[PDB]
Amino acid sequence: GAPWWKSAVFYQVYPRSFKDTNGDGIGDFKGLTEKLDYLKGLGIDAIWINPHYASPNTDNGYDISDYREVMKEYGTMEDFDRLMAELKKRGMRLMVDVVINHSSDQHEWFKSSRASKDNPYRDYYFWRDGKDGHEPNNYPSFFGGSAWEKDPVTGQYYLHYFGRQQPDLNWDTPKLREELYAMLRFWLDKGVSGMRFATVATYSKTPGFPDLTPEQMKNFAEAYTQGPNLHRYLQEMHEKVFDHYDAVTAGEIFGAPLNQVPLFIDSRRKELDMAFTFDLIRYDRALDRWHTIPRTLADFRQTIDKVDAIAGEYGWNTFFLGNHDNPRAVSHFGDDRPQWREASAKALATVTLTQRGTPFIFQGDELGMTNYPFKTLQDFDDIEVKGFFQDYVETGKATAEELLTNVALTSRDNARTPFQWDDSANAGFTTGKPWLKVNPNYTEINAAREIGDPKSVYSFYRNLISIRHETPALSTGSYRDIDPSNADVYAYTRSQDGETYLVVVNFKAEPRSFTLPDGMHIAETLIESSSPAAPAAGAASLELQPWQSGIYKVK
């Protein structure tokens, strides 16, 4: 048999932007709880929530100052326990975000660590003498400037791959790893069903902190995933924690070459259960992470093909076209112009729900939400954009307008604008002023408008989730790309126990044709989007409308 997580459909909730119930403009636990009937109705089996722990929010939850307290903004431990209970009444499961590559610089461990070199917490972090009058080495940070920050209290620099207020935790220190395992046990003892591990591939650092080479410097994210003790630490965490619970684990494998992914997910290695990879979501992103390189569907499917292959026989992949760190799915992979937004959003839904692996739908994508129309750099909240400003504008490599032009298409903030519930003030997200502006298209794009409409993007996701739930080959069946070279129509099969399904999606806003492979004919049409008529039983070919998608049982 296959674990519940292999045939589950997950929904990712970014609490901060899902539903606010007290008018401070920030979503909270009570709002999410209020909306569980909505997600149950869509057909969601489990929810992954972004960090919900006490945090100064320099990186919206990913800078944790106390791993055993809930974030003040989201509510209390009681609201969290109530979220858990309400999910359970509905047979739903909760996956929480685990951030243990680093903590906030307000965590008590860090306040202690920085006091002196002999403090019992000194080695919970990485402290090192500067070199040749400057930092310990040339490591850059993802959020700007050096990954090393000098602390006058002792004269040494501490390590921070991410923000200056997100010091990296030292996994080479046994006592620190034991503190981390105990923390995990605290949440797992509360009944949590899954854990998503933030930047799980950077836990291990390189002994000696040598300078990155010129080449390594072009893609430093990759070098940070090459620590020598990485799998040893993940195997220990598994042996000491996960082997005693029934929780599914999912690693955010940020920066690692795809060839290394199996080391994290091969069930026999006893590390993680499934992977979140970045090969597809960043397939058209330049190395500097704020420019886009044009790509075709051929690149899209070939990437998916390579990723599916890495899961081999004992690994498992998650599948997603969107999350809180990337531009909106329909805007990024589809066509968000008014005339094609709904049609392309439905096509992308068909792709997402028929991929081999566990699908994660990001809040709002089921409604066809789009990127946001940023007008000035001041319209972004993201610390990452401030880091691009520091690294490229202040340095004269680019102008503020160039940064604006490009980052509008790639910013994480595109996925963080308030969820569009209805067409009331601020789309019903809040009675106050939203922490991030609501997209003006909320008047045409909102859940209340779509839930009662048989033809809406929402209803289409809902029917796809039902179809996937009733069709085993669609979750655990094999996957085969029919033609990796085709840049027009994405076609593939899913098979299991003699049943084979065909998925065909036109990625062009023009009619196209698709001829089934020799000896294959349509048997039944499960569903189609943007189609005036289902093909006839026995069809050897398909005529497709712009952005048409469909799932068919073949014979």
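Counting begins at 1, following the sequence as shown.
Practice task
Quick one: say whether 10-18 or 537-545 has the higher mean Cα B-factor in the deposited entry.
Solution key: Looking at the record's C-alpha B-factors, the answer is 537-545.
Problem - Mean Cα B-factor comparison, 490-498 or 45-53, giving the higher one as deposited - result: Here the higher of the two C-alpha B-factor means belongs to 490-498.
Practice task
Quick one: which of 417, 399, 443, 165 shows the highest Cα temperature factor in the PDB entry?
Solution key: Comparing C-alpha B-factors across 417, 399, 443, 165, the top value belongs to 443.
Handout entry: Largest Cα B-factor, entry values, listed residues 524, 63, 28, 66
Key = Answer, based on the entry's C-alpha B-factors: 524.
Problem - residue 220 - Cα temperature factor, lowest/middle/highest third of chain - result: Its C-alpha B-factor, which the entry lists for residue 220, ranks in the highest third among residues of this chain.
Practice task
Using the B-factors in the PDB entry, rank residue 125's C-alpha atom against the chain and give the third, lowest, middle or highest.
Solution key: It falls in the bottom third of the chain.
Exercise for the section: Would you mind checking where the Cα B-factor of residue 232 ranks among the modelled residues of its chain, as the lowest, middle or highest third? Expected result: It belongs to the lowest third of the chain when residues are ordered by C-alpha B-factor.
Problem - Cα B factor band for residue 431 (lowest, middle or highest third within the chain) - result: Highest third, going by the recorded CA B-factors of the chain.
Problem - Position of residue 318 among the chain's modelled residues by C-alpha B-factor, lowest, middle or highest third - result: For residue 318, whose C-alpha B-factor we compare with every modelled residue in the chain, the answer is the lowest third.
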